[PDB]
Amino acid sequence: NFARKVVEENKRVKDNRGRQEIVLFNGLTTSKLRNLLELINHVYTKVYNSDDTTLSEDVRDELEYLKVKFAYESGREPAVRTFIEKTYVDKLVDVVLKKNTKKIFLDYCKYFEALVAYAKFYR
Amino acid sequence: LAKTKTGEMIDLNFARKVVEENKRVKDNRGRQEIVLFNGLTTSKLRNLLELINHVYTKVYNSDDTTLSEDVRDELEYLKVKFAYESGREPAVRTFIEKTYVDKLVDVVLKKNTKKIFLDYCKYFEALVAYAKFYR
Amino acid sequence: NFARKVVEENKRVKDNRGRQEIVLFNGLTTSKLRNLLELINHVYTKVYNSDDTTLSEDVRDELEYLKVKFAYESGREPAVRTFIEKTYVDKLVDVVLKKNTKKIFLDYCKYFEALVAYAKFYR
Amino acid sequence: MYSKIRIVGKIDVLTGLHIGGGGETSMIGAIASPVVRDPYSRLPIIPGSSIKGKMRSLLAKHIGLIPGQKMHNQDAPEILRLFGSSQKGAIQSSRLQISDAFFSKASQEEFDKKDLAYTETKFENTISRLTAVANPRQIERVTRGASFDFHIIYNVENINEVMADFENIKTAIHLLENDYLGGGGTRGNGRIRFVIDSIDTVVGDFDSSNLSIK
Amino acid sequence: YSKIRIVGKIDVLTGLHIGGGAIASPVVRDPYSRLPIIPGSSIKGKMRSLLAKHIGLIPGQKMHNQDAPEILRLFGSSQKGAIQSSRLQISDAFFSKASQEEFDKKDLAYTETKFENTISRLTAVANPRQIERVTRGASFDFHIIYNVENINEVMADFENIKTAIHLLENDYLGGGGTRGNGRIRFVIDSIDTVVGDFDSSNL
Amino acid sequence: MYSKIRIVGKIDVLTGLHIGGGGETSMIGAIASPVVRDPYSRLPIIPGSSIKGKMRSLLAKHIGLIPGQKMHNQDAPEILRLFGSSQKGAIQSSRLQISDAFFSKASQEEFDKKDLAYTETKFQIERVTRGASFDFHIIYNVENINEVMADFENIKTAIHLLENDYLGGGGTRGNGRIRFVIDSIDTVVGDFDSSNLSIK
RNA sequence: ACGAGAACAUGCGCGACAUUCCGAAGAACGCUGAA
């Protein structure tokens with residue numbers, strides 16, 4: 001899939017004191033992505049429990065705030081922002097908003113889950 | 001939320017557009033310096049963030065959907081502090097004039113709801129987050 | 001009998017502890033495989049219900065999600081990673097996606113059933 | 001004239017329903033107790049024998065059981081008349097024939113939507129009274145959204161007893177809704193509700209329009 | 001033979017964790033609505049254990065069905081030759097629609113994540129852990145059926161049931177209840193004899 | 001008789017209490033640490049696990065700890081009797097059930113007055129204001145009749161230890177001091193006599 | 001003007017009873033509002 005290729009292009013085997021860090025980026029860590037993952041999980045639970053074929057307005061506002069969180073974590077951790085540039089998550093958010101359905105949102109959430117899953121698998 | 005001049009709608013992408021407008025290369029000694037709102041520094045925008053979050057906390061202390069009276073008074077004091085901070089520093093003045101925060105908080109006072117206050121503060125948070133991001 | 005071959009090749013005994021215990025794939029249990037085998041059961045029911053020689057689009061997307069689940073399970077537990085790498089089950093998933101027929105997925109399900117059955121046998 | 005009255009409706013599960021049976025599936029789980037399934041469709045099923053047995057037991061207990069009963073032929077005369085008897089020299093046919101209840105098409109569609117499995121794997125345990133250690137156990141159940149199409153045939157052998165028979169059937173159904181269907185029902189499983197779609201005399205000149213069971 | 005019904009509400013005074021198959025530590029959720037649920041097995045097991053503790057205990061009840069005869073009468077037995085049908089039939093308690101709408105009015109999730117650091121003794125290095133819990137103030141509507149196998153035993157059985165509920169309100173319901181989890185409170189709506197002619201007005 | 005005793009009272013903060021927890025909120029400050037808050041009331045909350053773990057560690061260190069321990073199940077037998085034991089072959093249910101201490105409504109009214117925020121910021125971390133109080137409720141399950149008084153003496157010792165110590169956060173830097181006040185200790189279930197039972 | 005003709009392998013039957021995903025586990029430590 002796209003996520004696997006993106007992560008394997010991202011991944012790098014650095015050598016420090018004999019030990020090997022098989023890491024996408026030096027600053028990438030599960031919690032830094034996990035904050036946005038928690039927000040994604042909240043909004044995904046909202047859409048996945050409400051059972052609406054079209055994304056609700058509150059969910060759209062949640063996605064706007066999700067873009068805000070993208071920018072905020074970009075400001076804090078440069079690793080998160082270069083990951084976002086590599087993975088174009090914000091562009092997928094914009095596409096999801098434009099489609100304004102739950103199917104595209106589910107596909108995007110699966111794409112993000114694939115990204116984090118491949119990151120865990122290689123790391 | 002509110003409607004900007006020339007028919008622009010106040011949104012988070014609007015905040016992104018505004019912060020993109022505010023930034024310049026500012027190349028000094030062969031190296032660029034990312035200047036936001038006439039070179040507004042992180043400390044002052046974070047102080048403004050803390051001022052906003054004071055009202056945020058005092059309104060989250062209440063479960064009422066409408067703005068509380070003391071919340072509205074603190075918002076008016078926020079307007080006064082915004083005016084004086086605009087007066088003190090040209091960078092803060094540029095920030096306030098490009099963000100219309102006084103007009104937005106006046107609209108919030110007229111609407112008198114928690115949701116509109118949250119939307120305005122979310123716009124402000126988007127502004128500061130994008131400012132720190134582009135820097 | 002590829003299934004029995006790989007299970008017996010990866011079959012091992014806890015000789016280090018000095019107490020008799022059979023270890024499959026460096027500590028694999030059915031509990032580790034529970035989530036992925038339940039997902040495969042879901043896909044199997046979905047394909048059985050449909051009357052079509054070739055796999056449908058929902059089946060293909062669910063199989064891509066199954067590949068992602070294989071990667072995530074490999075990341076979470078070393079035992080599942082050993083099982084997947086030695087059994088080439090994800091590569092067979094890719095082969096099934098290439099073939100795109102109901103029969104090839106039925107045969108893949110047969111192979112996985114043989115894998116888990118022989119693993120339970122040799123324990 | 002032989003009159004057969006058809007009662008067709010839905011059996012909504014209100015909790016996880018586990019009617020055990022010898023099960024086979026792909027990647028057989030650690031569960032030692034899989035639900036019964038209709039092999040042609042692999043969907044879970046409610047065997048009509050389970051419904052008939054539970055209803056007959058509840059109705060017989062309601063009517064009252066003869067002390068020291070060794071057989072099901074020693075029940076009350078109403079129970080034998082309705083559910084059938086096998087006593088030597090006094091064989092009474094079963095007026096009530098309770099077919100198997102298949103997984104509904106509506107619930108199948110509603111579970112194809114939402115990407116949900118028709119069954120679920122409830123994880124239980126059993127804290128021992130001595131070692132205070134939990135032994136994990138897994139039970140396969142049918143999710144509470146599912147419904148089953150149920151079909152019952154009543155045979156009108158005696159015309160004058162039909163109203164009393166349907167009173168007893170209504171009592172049995174009312175007991176069953178408050179009771180559980182086949183499973184670990186004393187621990188919450190198997191709760192049921194009957195929604196009768198129709199009660200029409202499919203055969204015979206008899207009319208059951210005034211006849212109701214719920 | 002009569003069936004008495006006891007419907008009511010269970011309110012979570014604290015977080016309620018009932019496990020079921022990053023570190024989510026998932027709580028048992030009803031697959032249909034994906035909402036949290038209190039399994040009836042958990043309620044029945046906790047009530048039976050608490051009541052068996054209240055009454056005397058033989059040294060080893062390893063068979064688990066050799067409790068005091070009141071326990072077997074209420075919750076059922078399986079001893080060889082003497083199988084007593086369980087009069088109490090607890091049911092799975094689903095997420096109340098009133099509480100669901102109350103949470104949806106706010107920006108509140110039905111399940112919270114509680115962080116526990118699990119600090120060690122010799123190393124003193126905290127080990128992160130996250131437990132999923134049902135948020136405080138949620139309600140589950142519970143439905144219990146009692147069958148009057150014998151008429152003369154009903155008052156004693158309901159006294160035992162009320163003692164069990166009194167114990168359970170002072171205890172937790174699954175999860176790490178010994179460190180602030182699973183605490184519940186029962187509010188009974190209506191104890192009415194659904195089937196039969198037994199007089200349930202008193203109880 | 002499996003009798004259950006109840007202790008209900010209050011915990012009055014004395015410094016800026018800080019118990020961390022992973023969460024985010026709209027208009028969250030640039031502080032590096034938020035406090036754990038009850039999601040329903042959005043008020044700061046003291047998890048019961050914090051109190052139980054703090055008292056367990058304090059008791060273990062005060063009574064005397066065996067060197068080289070790797071697991072919590074290797075504490076003193078009294079400690080395992082009180083706070084539980086998962087030791088394989090010696091599983092012991094805990095006689096202590098400590099519940100989450102929520103923000104008391106009296107302190108909620110006090111902070112509603114004077115427009116005092118529940119949590120302040122120290123230069124940054126978020127800390128619970130000194131005047132706040134959290135109502136605590138713990139349950140003791142009587143399993144051995146003779147050992148109840150000894151267990152309650154141990155509980156009193158743990159409460160005294162925590163009273164002069166901190167609860168979470170940077171206690172050595174002045175964040176966490178609290179005090180315990182007891183309303184009533186009554187045998188809520190059973191026939192045990194708890195009139196002469198105190199934890200302070 | 002078939003070792004033939006007429007003759008339901010049928011009748012009663014709950015895959016059911018007993019069973020807490022529990023027992024333990026601090027969101028953590030050392031971090032000056034300051035040149």
# chains A, B, ... in the order shown; residues from 1 in each chain; ligands from 1
$ residues_around --residues "residue 12 of chain E" --least-positions-apart "4" --cutoff "9 Å" --atoms "only C-alpha atoms (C1' of nucleotides)" --output "PyMOL selection string"
chain E and resi 16+134-140+182-185
$ write_last_selection --atoms "C-alpha atoms" --output "PDB file, in the first residue's frame"
ATOM      1  CA  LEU E  16     -16.418   1.129  35.396  1.00  0.00           C
ATOM      2  CA  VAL E 134     -16.815   4.047  31.353  1.00  0.00           C
ATOM      3  CA  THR E 135     -17.093   7.709  32.300  1.00  0.00           C
ATOM      4  CA  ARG E 136     -18.702   8.649  35.602  1.00  0.00           C
ATOM      5  CA  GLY E 137     -22.405   9.436  35.658  1.00  0.00           C
ATOM      6  CA  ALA E 138     -23.380   6.952  32.955  1.00  0.00           C
ATOM      7  CA  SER E 139     -26.433   4.753  33.511  1.00  0.00           C
ATOM      8  CA  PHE E 140     -27.294   1.192  32.496  1.00  0.00           C
ATOM      9  CA  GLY E 182     -16.414  -0.133  38.799  1.00  0.00           C
ATOM     10  CA  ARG E 183     -18.328   1.487  41.649  1.00  0.00           C
ATOM     11  CA  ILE E 184     -22.087   1.407  41.069  1.00  0.00           C
ATOM     12  CA  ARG E 185     -25.422   2.368  42.635  1.00  0.00           C
TER      13      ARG E 185
END
$ interface_residues --of "chain E" --to "chain B" --cutoff "12 Å" --atoms "only C-alpha atoms" --output "ChimeraX atom specification"
/E:105-107
$ select_by_dssp --residues "chain C" --states "strand (DSSP E)" --output "number ranges by chain"
C: 11-13, 22-24
$ write_last_selection --atoms "N, CA and C atoms" --output "PDB file, in the first residue's frame"
ATOM      1  N   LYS C  11       8.922 -26.093  15.059  1.00  0.00           N
ATOM      2  CA  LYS C  11       8.649 -26.719  16.343  1.00  0.00           C
ATOM      3  C   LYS C  11       9.913 -26.748  17.191  1.00  0.00           C
ATOM      4  N   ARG C  12       9.762 -26.434  18.475  1.00  0.00           N
ATOM      5  CA  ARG C  12      10.901 -26.361  19.376  1.00  0.00           C
ATOM      6  C   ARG C  12      10.436 -26.695  20.784  1.00  0.00           C
ATOM      7  N   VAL C  13      11.393 -27.060  21.633  1.00  0.00           N
ATOM      8  CA  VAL C  13      11.126 -27.485  23.001  1.00  0.00           C
ATOM      9  C   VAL C  13      11.953 -26.629  23.951  1.00  0.00           C
ATOM     10  N   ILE C  22       6.531 -27.584  24.755  1.00  0.00           N
ATOM     11  CA  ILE C  22       6.691 -27.421  23.315  1.00  0.00           C
ATOM     12  C   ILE C  22       6.446 -25.964  22.949  1.00  0.00           C
ATOM     13  N   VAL C  23       7.383 -25.375  22.213  1.00  0.00           N
ATOM     14  CA  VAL C  23       7.308 -23.979  21.797  1.00  0.00           C
ATOM     15  C   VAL C  23       7.211 -23.936  20.279  1.00  0.00           C
ATOM     16  N   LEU C  24       6.171 -23.277  19.776  1.00  0.00           N
ATOM     17  CA  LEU C  24       5.946 -23.115  18.347  1.00  0.00           C
ATOM     18  C   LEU C  24       6.180 -21.661  17.968  1.00  0.00           C
TER      19      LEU C  24
END
$ interface_residues --of "chain D" --to "chain C" --cutoff "8 Å" --atoms "only C-alpha atoms" --output "VMD selection string"
chain D and resid 26 to 30 41 to 42 117
$ residues_around --residues "segment 67-76 of chain E" --least-positions-apart "6" --cutoff "8 Å" --atoms "only C-alpha atoms (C1' of nucleotides)" --output "list in words"
residues 44, 48, 51, 52, 55, 56, 57, 58, 61, 83, 84, 85, 86, 87, 88, 89 and 157 of chain E; 18 of chain G
$ write_last_selection --atoms "N, CA, C and O atoms (P, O5', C5', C4', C3', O3' and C1' of nucleotides)" --output "PDB file, in the first residue's frame"
ATOM      1  N   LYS E  44     -24.204 -11.091  38.064  1.00  0.00           N
ATOM      2  CA  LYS E  44     -24.591 -12.292  38.791  1.00  0.00           C
ATOM      3  C   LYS E  44     -23.415 -12.873  39.558  1.00  0.00           C
ATOM      4  O   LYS E  44     -23.568 -13.296  40.707  1.00  0.00           O
ATOM      5  N   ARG E  48     -23.336 -13.173  43.563  1.00  0.00           N
ATOM      6  CA  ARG E  48     -23.228 -14.502  44.152  1.00  0.00           C
ATOM      7  C   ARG E  48     -22.009 -14.599  45.056  1.00  0.00           C
ATOM      8  O   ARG E  48     -22.087 -15.148  46.159  1.00  0.00           O
ATOM      9  N   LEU E  51     -22.677 -12.485  48.292  1.00  0.00           N
ATOM     10  CA  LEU E  51     -23.641 -13.127  49.176  1.00  0.00           C
ATOM     11  C   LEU E  51     -23.059 -14.389  49.799  1.00  0.00           C
ATOM     12  O   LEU E  51     -23.297 -14.669  50.979  1.00  0.00           O
ATOM     13  N   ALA E  52     -22.290 -15.160  49.028  1.00  0.00           N
ATOM     14  CA  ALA E  52     -21.645 -16.343  49.580  1.00  0.00           C
ATOM     15  C   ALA E  52     -20.628 -15.964  50.645  1.00  0.00           C
ATOM     16  O   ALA E  52     -20.442 -16.698  51.621  1.00  0.00           O
ATOM     17  N   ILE E  55     -22.859 -15.115  53.835  1.00  0.00           N
ATOM     18  CA  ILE E  55     -23.220 -16.367  54.489  1.00  0.00           C
ATOM     19  C   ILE E  55     -21.930 -17.125  54.774  1.00  0.00           C
ATOM     20  O   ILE E  55     -20.859 -16.747  54.287  1.00  0.00           O
ATOM     21  N   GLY E  56     -22.009 -18.178  55.582  1.00  0.00           N
ATOM     22  CA  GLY E  56     -20.827 -18.955  55.884  1.00  0.00           C
ATOM     23  C   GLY E  56     -20.268 -19.655  54.661  1.00  0.00           C
ATOM     24  O   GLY E  56     -20.950 -19.871  53.659  1.00  0.00           O
ATOM     25  N   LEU E  57     -18.988 -20.007  54.748  1.00  0.00           N
ATOM     26  CA  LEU E  57     -18.287 -20.687  53.670  1.00  0.00           C
ATOM     27  C   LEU E  57     -17.639 -21.961  54.192  1.00  0.00           C
ATOM     28  O   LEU E  57     -16.962 -21.948  55.224  1.00  0.00           O
ATOM     29  N   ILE E  58     -17.854 -23.059  53.473  1.00  0.00           N
ATOM     30  CA  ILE E  58     -17.188 -24.324  53.772  1.00  0.00           C
ATOM     31  C   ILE E  58     -15.726 -24.165  53.368  1.00  0.00           C
ATOM     32  O   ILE E  58     -15.408 -23.254  52.588  1.00  0.00           O
ATOM     33  N   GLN E  61     -14.925 -24.817  48.453  1.00  0.00           N
ATOM     34  CA  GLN E  61     -16.051 -24.995  47.535  1.00  0.00           C
ATOM     35  C   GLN E  61     -15.548 -25.069  46.094  1.00  0.00           C
ATOM     36  O   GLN E  61     -16.004 -24.362  45.192  1.00  0.00           O
ATOM     37  N   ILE E  83     -30.049 -30.944  40.861  1.00  0.00           N
ATOM     38  CA  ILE E  83     -29.892 -29.775  40.008  1.00  0.00           C
ATOM     39  C   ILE E  83     -31.045 -28.828  40.294  1.00  0.00           C
ATOM     40  O   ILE E  83     -32.205 -29.151  40.014  1.00  0.00           O
ATOM     41  N   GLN E  84     -30.729 -27.662  40.847  1.00  0.00           N
ATOM     42  CA  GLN E  84     -31.725 -26.662  41.196  1.00  0.00           C
ATOM     43  C   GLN E  84     -31.661 -25.534  40.181  1.00  0.00           C
ATOM     44  O   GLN E  84     -30.605 -24.922  39.996  1.00  0.00           O
ATOM     45  N   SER E  85     -32.784 -25.272  39.520  1.00  0.00           N
ATOM     46  CA  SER E  85     -32.852 -24.208  38.526  1.00  0.00           C
ATOM     47  C   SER E  85     -32.649 -22.867  39.218  1.00  0.00           C
ATOM     48  O   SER E  85     -33.193 -22.630  40.300  1.00  0.00           O
ATOM     49  N   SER E  86     -31.849 -21.997  38.608  1.00  0.00           N
ATOM     50  CA  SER E  86     -31.602 -20.680  39.177  1.00  0.00           C
ATOM     51  C   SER E  86     -32.848 -19.813  39.086  1.00  0.00           C
ATOM     52  O   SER E  86     -33.394 -19.594  38.001  1.00  0.00           O
ATOM     53  N   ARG E  87     -33.300 -19.322  40.240  1.00  0.00           N
ATOM     54  CA  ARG E  87     -34.457 -18.435  40.252  1.00  0.00           C
ATOM     55  C   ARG E  87     -34.100 -17.061  39.702  1.00  0.00           C
ATOM     56  O   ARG E  87     -34.842 -16.502  38.888  1.00  0.00           O
ATOM     57  N   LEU E  88     -32.968 -16.506  40.123  1.00  0.00           N
ATOM     58  CA  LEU E  88     -32.509 -15.234  39.590  1.00  0.00           C
ATOM     59  C   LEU E  88     -31.934 -15.418  38.196  1.00  0.00           C
ATOM     60  O   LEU E  88     -31.130 -16.321  37.957  1.00  0.00           O
ATOM     61  N   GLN E  89     -32.350 -14.556  37.273  1.00  0.00           N
ATOM     62  CA  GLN E  89     -31.808 -14.533  35.920  1.00  0.00           C
ATOM     63  C   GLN E  89     -31.406 -13.095  35.591  1.00  0.00           C
ATOM     64  O   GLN E  89     -32.166 -12.346  34.976  1.00  0.00           O
ATOM     65  N   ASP E 157     -36.096 -15.189  49.802  1.00  0.00           N
ATOM     66  CA  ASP E 157     -35.264 -14.996  48.620  1.00  0.00           C
ATOM     67  C   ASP E 157     -35.080 -13.521  48.309  1.00  0.00           C
ATOM     68  O   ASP E 157     -33.976 -13.087  47.970  1.00  0.00           O
TER      69      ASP E 157
ATOM     70  P     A G  18     -27.344 -22.279  35.522  1.00  0.00           P
ATOM     71  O5'   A G  18     -26.090 -22.444  36.480  1.00  0.00           O
ATOM     72  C5'   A G  18     -26.267 -22.784  37.844  1.00  0.00           C
ATOM     73  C4'   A G  18     -24.956 -23.167  38.471  1.00  0.00           C
ATOM     74  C3'   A G  18     -23.787 -22.267  38.115  1.00  0.00           C
ATOM     75  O3'   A G  18     -23.738 -21.096  38.909  1.00  0.00           O
ATOM     76  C1'   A G  18     -23.165 -24.509  37.776  1.00  0.00           C
TER      77        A G  18
END
$ closest_residue --among "E:121, E:64, E:172, E:9" --to "residue 22 of chain G" --atoms "only C-alpha atoms (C1' of nucleotides)"
E:172
$ closest_residue --among "E:163, E:39, E:130, E:181" --to "residue 20 of chain G" --atoms "only C-alpha atoms (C1' of nucleotides)"
E:39
$ interface_residues --of "chain C" --to "chain A" --cutoff "12 Å" --atoms "only C-alpha atoms" --output "PyMOL selection string"
chain C and resi 58+61-78+80-81+94
$ write_last_selection --atoms "C-alpha atoms" --output "PDB file, in the first residue's frame"
ATOM      1  CA  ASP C  58     -15.149  -4.942  -0.503  1.00  0.00           C
ATOM      2  CA  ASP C  61     -10.249  -3.694   0.586  1.00  0.00           C
ATOM      3  CA  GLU C  62     -10.797  -6.012   3.552  1.00  0.00           C
ATOM      4  CA  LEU C  63      -7.809  -8.075   2.390  1.00  0.00           C
ATOM      5  CA  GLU C  64      -5.653  -4.945   2.225  1.00  0.00           C
ATOM      6  CA  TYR C  65      -6.794  -4.203   5.774  1.00  0.00           C
ATOM      7  CA  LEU C  66      -5.867  -7.809   6.597  1.00  0.00           C
ATOM      8  CA  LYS C  67      -2.359  -7.156   5.273  1.00  0.00           C
ATOM      9  CA  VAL C  68      -2.176  -4.067   7.491  1.00  0.00           C
ATOM     10  CA  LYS C  69      -3.367  -6.200  10.413  1.00  0.00           C
ATOM     11  CA  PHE C  70      -0.624  -8.727   9.658  1.00  0.00           C
ATOM     12  CA  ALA C  71       1.944  -5.931   9.797  1.00  0.00           C
ATOM     13  CA  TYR C  72       0.538  -4.528  13.050  1.00  0.00           C
ATOM     14  CA  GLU C  73       0.442  -7.959  14.695  1.00  0.00           C
ATOM     15  CA  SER C  74       4.012  -8.595  13.554  1.00  0.00           C
ATOM     16  CA  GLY C  75       4.979  -5.325  15.213  1.00  0.00           C
ATOM     17  CA  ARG C  76       3.133  -6.017  18.461  1.00  0.00           C
ATOM     18  CA  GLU C  77       4.284  -9.598  19.115  1.00  0.00           C
ATOM     19  CA  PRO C  78       7.566 -11.219  18.004  1.00  0.00           C
ATOM     20  CA  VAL C  80       3.323 -13.513  15.312  1.00  0.00           C
ATOM     21  CA  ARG C  81       6.145 -11.931  13.304  1.00  0.00           C
ATOM     22  CA  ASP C  94      -0.561 -10.572  -1.858  1.00  0.00           C
TER      23      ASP C  94
END
$ closest_residue --among "F:116, F:189, F:7, F:51" --to "chain B" --atoms "only C-alpha atoms"
F:116
$ select_by_dssp --residues "chain F" --states "alpha helix (DSSP H)" --output "ChimeraX atom specification"
/F:48-63,77-83,105-112,148-163
$ write_last_selection --atoms "N, CA and C atoms" --output "short mmCIF file (atom, residue, chain, number, x, y, z; two decimals), in the first residue's frame"
data_model
loop_
_atom_site.label_atom_id
_atom_site.label_comp_id
_atom_site.auth_asym_id
_atom_site.auth_seq_id
_atom_site.Cartn_x
_atom_site.Cartn_y
_atom_site.Cartn_z
N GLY F 48 -8.29 7.05 42.70
CA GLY F 48 -8.09 6.19 43.85
C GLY F 48 -6.81 5.39 43.76
N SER F 49 -6.40 5.04 42.54
CA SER F 49 -5.16 4.31 42.36
C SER F 49 -3.97 5.10 42.90
N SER F 50 -3.99 6.43 42.73
CA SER F 50 -2.90 7.24 43.26
C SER F 50 -2.80 7.12 44.78
N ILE F 51 -3.93 7.27 45.48
CA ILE F 51 -3.91 7.19 46.93
C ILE F 51 -3.48 5.80 47.38
N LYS F 52 -4.03 4.76 46.75
CA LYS F 52 -3.70 3.40 47.15
C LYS F 52 -2.22 3.10 46.93
N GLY F 53 -1.69 3.47 45.76
CA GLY F 53 -0.29 3.20 45.49
C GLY F 53 0.63 3.99 46.40
N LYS F 54 0.30 5.26 46.65
CA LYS F 54 1.14 6.07 47.52
C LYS F 54 1.16 5.50 48.93
N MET F 55 0.00 5.11 49.46
CA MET F 55 -0.03 4.54 50.80
C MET F 55 0.66 3.18 50.84
N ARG F 56 0.52 2.38 49.79
CA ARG F 56 1.20 1.09 49.74
C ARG F 56 2.71 1.27 49.79
N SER F 57 3.24 2.17 48.96
CA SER F 57 4.68 2.39 48.95
C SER F 57 5.16 2.98 50.28
N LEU F 58 4.38 3.90 50.85
CA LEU F 58 4.77 4.48 52.13
C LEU F 58 4.81 3.43 53.23
N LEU F 59 3.80 2.55 53.27
CA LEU F 59 3.81 1.47 54.25
C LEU F 59 4.98 0.53 54.03
N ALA F 60 5.26 0.19 52.77
CA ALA F 60 6.37 -0.71 52.48
C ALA F 60 7.69 -0.13 52.94
N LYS F 61 7.90 1.17 52.71
CA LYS F 61 9.17 1.78 53.10
C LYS F 61 9.25 2.01 54.61
N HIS F 62 8.12 2.31 55.26
CA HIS F 62 8.16 2.57 56.70
C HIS F 62 8.33 1.29 57.50
N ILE F 63 7.61 0.23 57.13
CA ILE F 63 7.69 -1.03 57.88
C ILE F 63 9.08 -1.64 57.73
N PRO F 77 3.64 -9.35 54.69
CA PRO F 77 2.36 -10.08 54.60
C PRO F 77 1.16 -9.23 54.97
N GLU F 78 1.31 -8.31 55.93
CA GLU F 78 0.22 -7.41 56.27
C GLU F 78 -0.13 -6.50 55.10
N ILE F 79 0.88 -6.02 54.38
CA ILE F 79 0.63 -5.15 53.23
C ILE F 79 -0.12 -5.91 52.15
N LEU F 80 0.29 -7.15 51.86
CA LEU F 80 -0.44 -7.97 50.90
C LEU F 80 -1.85 -8.28 51.37
N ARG F 81 -2.05 -8.45 52.67
CA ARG F 81 -3.39 -8.66 53.21
C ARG F 81 -4.27 -7.44 53.00
N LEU F 82 -3.71 -6.24 53.19
CA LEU F 82 -4.49 -5.02 53.05
C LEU F 82 -4.75 -4.69 51.58
N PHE F 83 -3.70 -4.39 50.82
CA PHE F 83 -3.84 -3.85 49.48
C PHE F 83 -3.89 -4.92 48.40
N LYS F 105 -18.35 19.40 46.56
CA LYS F 105 -19.23 20.48 46.13
C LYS F 105 -19.09 21.71 47.01
N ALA F 106 -18.70 21.54 48.28
CA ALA F 106 -18.46 22.69 49.14
C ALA F 106 -17.32 23.54 48.61
N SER F 107 -16.19 22.90 48.29
CA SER F 107 -15.09 23.63 47.67
C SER F 107 -15.47 24.14 46.29
N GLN F 108 -16.36 23.44 45.59
CA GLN F 108 -16.84 23.93 44.30
C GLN F 108 -17.58 25.25 44.47
N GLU F 109 -18.43 25.35 45.49
CA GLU F 109 -19.12 26.61 45.77
C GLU F 109 -18.13 27.68 46.21
N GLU F 110 -17.14 27.31 47.02
CA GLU F 110 -16.15 28.29 47.46
C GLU F 110 -15.37 28.86 46.28
N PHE F 111 -15.01 28.02 45.32
CA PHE F 111 -14.29 28.50 44.14
C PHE F 111 -15.21 29.22 43.17
N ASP F 112 -16.50 28.86 43.13
CA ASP F 112 -17.46 29.65 42.37
C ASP F 112 -17.53 31.07 42.91
N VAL F 148 -9.12 -6.99 62.02
CA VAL F 148 -9.68 -5.73 61.54
C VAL F 148 -9.04 -4.55 62.25
N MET F 149 -8.86 -4.64 63.57
CA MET F 149 -8.27 -3.53 64.30
C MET F 149 -6.81 -3.31 63.90
N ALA F 150 -6.06 -4.40 63.68
CA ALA F 150 -4.68 -4.26 63.23
C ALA F 150 -4.61 -3.64 61.84
N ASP F 151 -5.50 -4.07 60.94
CA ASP F 151 -5.53 -3.49 59.60
C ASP F 151 -5.88 -2.01 59.65
N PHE F 152 -6.81 -1.63 60.52
CA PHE F 152 -7.16 -0.21 60.63
C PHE F 152 -6.04 0.60 61.27
N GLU F 153 -5.27 0.00 62.18
CA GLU F 153 -4.09 0.69 62.69
C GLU F 153 -3.07 0.91 61.58
N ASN F 154 -2.88 -0.09 60.72
CA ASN F 154 -1.99 0.08 59.58
C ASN F 154 -2.51 1.16 58.64
N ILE F 155 -3.83 1.21 58.43
CA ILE F 155 -4.42 2.25 57.59
C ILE F 155 -4.18 3.63 58.20
N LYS F 156 -4.33 3.74 59.52
CA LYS F 156 -4.05 5.00 60.20
C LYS F 156 -2.59 5.41 60.02
N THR F 157 -1.68 4.44 60.12
CA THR F 157 -0.27 4.74 59.90
C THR F 157 -0.02 5.22 58.47
N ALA F 158 -0.67 4.58 57.49
CA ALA F 158 -0.51 5.00 56.10
C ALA F 158 -1.07 6.41 55.88
N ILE F 159 -2.21 6.71 56.50
CA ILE F 159 -2.80 8.04 56.37
C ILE F 159 -1.88 9.08 56.99
N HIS F 160 -1.30 8.77 58.15
CA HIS F 160 -0.35 9.69 58.77
C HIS F 160 0.88 9.89 57.90
N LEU F 161 1.39 8.81 57.30
CA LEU F 161 2.54 8.92 56.42
C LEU F 161 2.24 9.82 55.23
N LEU F 162 1.07 9.63 54.60
CA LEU F 162 0.71 10.47 53.46
C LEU F 162 0.43 11.91 53.88
N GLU F 163 -0.03 12.11 55.12
CA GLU F 163 -0.33 13.45 55.59
C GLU F 163 0.92 14.32 55.64
#
$ interface_residues --of "chain E" --to "chain A" --cutoff "9 Å" --atoms "only C-alpha atoms" --output "list in words"
residues 22, 33, 34, 35 and 109 of chain E
